[PDB]
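Below: the structure, in structure tokens.
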Amino acid sequence: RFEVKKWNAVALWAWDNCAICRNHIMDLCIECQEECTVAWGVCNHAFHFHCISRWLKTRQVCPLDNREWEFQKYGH
Amino acid sequence: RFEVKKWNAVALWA
Amino acid sequence: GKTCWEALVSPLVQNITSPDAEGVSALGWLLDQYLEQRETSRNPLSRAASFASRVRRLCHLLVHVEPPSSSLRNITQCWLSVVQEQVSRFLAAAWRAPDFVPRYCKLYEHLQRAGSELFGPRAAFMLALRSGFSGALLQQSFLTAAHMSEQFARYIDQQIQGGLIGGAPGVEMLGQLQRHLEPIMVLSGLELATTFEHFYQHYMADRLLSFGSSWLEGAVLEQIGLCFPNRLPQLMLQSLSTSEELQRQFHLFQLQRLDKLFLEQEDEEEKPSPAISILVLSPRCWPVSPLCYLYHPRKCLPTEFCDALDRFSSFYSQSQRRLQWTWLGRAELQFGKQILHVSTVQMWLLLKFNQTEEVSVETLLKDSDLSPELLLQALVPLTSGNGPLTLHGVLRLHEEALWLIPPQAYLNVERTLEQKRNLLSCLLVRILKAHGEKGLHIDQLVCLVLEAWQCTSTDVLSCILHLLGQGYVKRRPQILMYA
Amino acid sequence: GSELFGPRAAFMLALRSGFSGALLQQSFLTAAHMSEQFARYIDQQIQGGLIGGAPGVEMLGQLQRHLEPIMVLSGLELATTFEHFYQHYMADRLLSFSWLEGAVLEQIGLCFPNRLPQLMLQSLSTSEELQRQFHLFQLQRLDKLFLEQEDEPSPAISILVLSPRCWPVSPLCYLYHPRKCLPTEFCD
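Chains as they are written, first to last, in the authors' numbering: chain H, 21 to 35, 40 to 57, 66 to 108; chain G, 21 to 34; chain F, 1368 to 1434, 1465 to 1668, 1691 to 1739, 1750 to 1821, 1830 to 1836, 1844 to 1858, 1863 to 1902, 1921 to 1942, 1946 to 1952; chain E, 1512 to 1608, 1611 to 1665, 1691 to 1726.
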């Protein structure tokens, strides 16, 4: 016979417009509703530069995934 | 005989 | 003197650093011959040493007027062209040898030293060397870029494995590992980054599940982190730490529950176990195949284990996403005096063997309903030498700290990635054509293509960069213009 | 503490201050022995992790977990007496065998007042640069000799130079007469 002394198990947390201002993803910015370009970040979300400018000026985390927002500068 | 393949010497400066 | 130098030396450089019809300059040929003969020019009494001396003094004299200019720039671009030709020859020659990465690193070391000996230590020539290597890696086919990236990922994984597992040969190999990283880091900012990162994730996964996140993985990342475009590996590492924090919180939550129970009972009156640790992984960062899942957890696992798993799932639900359980993991078992270090499936089989004295494979095949290939992989160590299971499919005991884990199987490139890249390319071409002379800001175009997909933003950006290099599209700078 | 009061920072500060105060009210010889034991533990764990293959991962994980209590020594004379023994043991570790030393120093860095341990690693880097310069000098000299003339199977030796500011070497370990105890090619 065998006996278990320890163990480790694994599982995944299985579960798209500009959520922060809720306008359509490709549409314009409600605050100004037309000069906001879209912004991308390392955490792979797309938000309005207006939305993000304000929000970041308030708080310094990604509002969608709880990580320090980093303006994506690859490929640029 | 006995053959060396690499040596590392150590010195201080005074 | 300013007049004399600007008159005599300058057009001489501007002439000798001009490509011929074949594309070769005089100074280019000179440097090429130097690099070719450097190996055999180490005899103090030979013609080759004299050749090296001549070339060395000529170059030092030509650049000695320096501390842009017109003497620096031309010689710089010539050094660039010669490094590019050399590296491209090498890459075409050996992209399938089982010693490719080490020869690549030897090349980088030898060419950097040659540059320092020739032109002295100066800043811009190192940047020339880097740009040359880059341009050479870009002048390649897609299948070959894929194979090269896979070779890099395998090299890192194999070095870390050897250094951690092995003894003094390890610590020897490890300083070398640190040396060889600076050549690799030239990959950043190129297209190859995405495929290299994809390949790196796939080995870092198994390495983290075979051993906790050691110093080695964090150190390698603190060297080469800015190469990975989306920063996936850092997120896997951070995930392990977040999980330990969650373990702390679960302990506290248990205490609070028990306190409430004690209080209620106290008002009414007033009126030898297996340790288990859980790990949650975000599916945005780990490559967990759908083949690796648990579906009827009670059926395939013992009772108390499932009770603990249910309790933890209850906590995770109450704290806030459901928990999809997997067969990935590692366990330590006791069988006689010896200790065993096995994976999850191995522990499952060996625990099923706690009652019966012989196992027929078809029973377990029906029970698990998992891929029989992974069960074969699990059994091969177990049926191998020093294997507490003997195969006859009949399983029976044959009758030191044993480590029985299925070793890594490096993905052998034969193709799906090429299909994905080509499809993204044509979709982006259609999108650019539809917008005409207006085009878009790049981020808007990424949004459009991602919407049309129903893949990562970085993948689309990689396709965009490859197209730009091909010259189909040009940059206006926020917006991009097709041509 | 986390069970009794929940997650709060002020109680953690109280815990650290309590450990510090407990350490302080001790006789000198006890403090010296304690510092020596701490340094010996760190050295033993690192050396075992480097030589031991199969359980070395466990040792290294335990070391990273256990580093946190030792940070209490920052802001005491124990830091001064502990830097000394860390110097003595790290010298031998560096000579005999690295890359984990920097990792350890990245989190135990604040404890050392005079920062000598980092100075040792800086010294190693300087020695490497010096070797490169030496090679370039040799090439230059050969070039001058060839110009003057034309104007008409071996052991691999690497040399490491140490500074006396931040390196403990006992003068009993010196070598005085090289030709008396060395072959001729090495001496050359």
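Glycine is no exception: its CB is placed at the ideal position from the N, C-alpha and C atoms.
{"query": "What are the boundary residues of the beta strand (DSSP E) that residue 71 of chain H is part of?", "result": "70-72"}
{"query": "Suppose you measure from the CA of residue 1873 of chain F to the CA of residue 1879 of chain F; what does that come to, to the nearest Å?", "result": "10 Å"}
{"query": "Find out if the Cβ-Cβ distance for the pair residue 1638 of chain E, residue 1698 of chain E is shorter than 8 Å.", "result": "no"}
{"query": "Excluding the 5 residues flanking residue 1571 of chain E on each side, which residues of the same chain have their C-beta closer than 7 Å to its C-beta?", "result": "1560"}
{"query": "Ordered along the chain, which non-local residues of its own chain (more than five positions away) have a Cβ less than 7 Å from that of residue 1585 of chain F?", "result": "1623, 1624"}
{"query": "Are residue 1392 of chain F and residue 1383 of chain F closer than 8 Å when you measure CB to CB?", "result": "yes"}
{"query": "Check whether the Cβ of residue 1782 of chain F lies closer than 8 Å to any Cβ atom in chain H.", "result": "yes"}
{"query": "Applying the criterion that 16 or more other CB atoms from any shown protein chain within 10 Å of the CB defines a buried residue, is residue 1709 of chain E buried or exposed?", "result": "exposed"}
{"query": "To which residues does DSSP link residue 1786 of chain F through a beta bridge?", "result": "Paired residue(s): none; residue 1786 of chain F is not in a bridge."}
{"query": "Taking just the CA atoms, how far does residue 1532 of chain F sit from residue 1379 of chain F?", "result": "27 Å"}
{"query": "Going by C-alpha distance, which of F/1922, F/1776, F/1933, F/1947 is nearest residue 1595 of chain F?", "result": "F/1922"}
{"query": "Between the alpha carbons of residue 1603 of chain E and residue 27 of chain G, how many angstroms are there, rounded?", "result": "17 Å"}
{"query": "Where in the stretch 1512-1555 of chain E do unbroken runs of the beta strand (DSSP E), each at least 3 residues long, occur, reported from the N-terminal end onward?", "result": "none"}
{"query": "If you measure beta-carbon to beta-carbon, which residues of the stretch 1505-1522 of chain F are closer than 9 Å to chain E?", "result": "1510, 1513, 1514, 1517, 1518"}
{"query": "Please report the distance separating the alpha-carbon of residue 1662 of chain E from that of residue 1655 of chain E.", "result": "11 Å"}
{"query": "Residues of chain E with CB under 7 Å from residue 1612 of chain F, in chain order?", "result": "1571, 1613, 1616"}
{"query": "Alpha carbon to alpha carbon, how far is residue 1616 of chain F from residue 1925 of chain F?", "result": "27 Å"}
{"query": "Quick one: which unbroken beta strand (DSSP E) runs of 3-plus residues sit fully inside the stretch 1559-1630 of chain F? Chain order, please.", "result": "none"}
{"query": "What in chain F is Cβ-close to residue 76 of chain H, meaning under 7 Å?", "result": "1627, 1922, 1923"}
{"query": "So, are the CB atoms of residue 1601 of chain E and residue 1633 of chain E less than 8 Å apart?", "result": "yes"}
{"query": "Determine, using beta carbons only, whether residue 23 of chain H and residue 1763 of chain F come nearer to each other than 8 Å.", "result": "yes"}
{"query": "Could you tell me whether any Cβ in chain F is nearer than 8 Å to the Cβ of residue 54 of chain H?", "result": "no"}
{"query": "Are the CB atoms of residue 1529 of chain F and residue 1480 of chain F within a distance shorter than 8 Å?", "result": "yes"}
{"query": "Spell out whether any CB of chain H is found under 8 Å from the CB atom of residue 1754 of chain F.", "result": "yes"}
{"query": "If we ignore side chains and look at the alpha-carbon of each, how far apart do residue 94 of chain H and residue 86 of chain H end up?", "result": "12 Å"}
{"query": "Nearest to residue 1707 of chain F by CA position, among F/1730, F/1754, F/1372, is which residue?", "result": "F/1754"}
{"query": "Out of F/1660, F/1876, F/1808, point me to the one whose CA is closest to residue 1898 of chain F's CA.", "result": "F/1876"}
{"query": "Beta-carbon of residue 1761 of chain F versus every beta-carbon of chain H: anything under 8 Å?", "result": "yes"}
{"query": "Identify the contact partners of residue 1764 of chain F in chain H, using a Cβ-Cβ distance below 9 Å as the criterion.", "result": "21, 22, 23"}
{"query": "With which residues is residue 1697 of chain F paired in a DSSP beta bridge?", "result": "H/29"}
{"query": "For the beta strand (DSSP E) that residue 1763 of chain F lies in, which residues bound it at each end?", "result": "1759-1763"}
{"query": "Rounded to the nearest angstrom, what separates residue 1723 of chain E and residue 1576 of chain F at their Cα positions?", "result": "30 Å"}
{"query": "Using 8 Å as the threshold, is the stretch 1711-1730 of chain F in touch with the stretch 42-56 of chain H, meaning 3 or more CB pairs across them?", "result": "no"}
{"query": "Closer than 8 Å between beta carbons: that is the criterion. Which residues of the stretch 72-101 of chain H meet it against chain F?", "result": "72, 74, 76, 78"}
{"query": "Would you identify the three-state DSSP class for residue 1408 of chain F, choosing helix, strand or coil?", "result": "coil"}
{"query": "Which residues does DSSP pair with residue 103 of chain H in a beta bridge?", "result": "H/73"}
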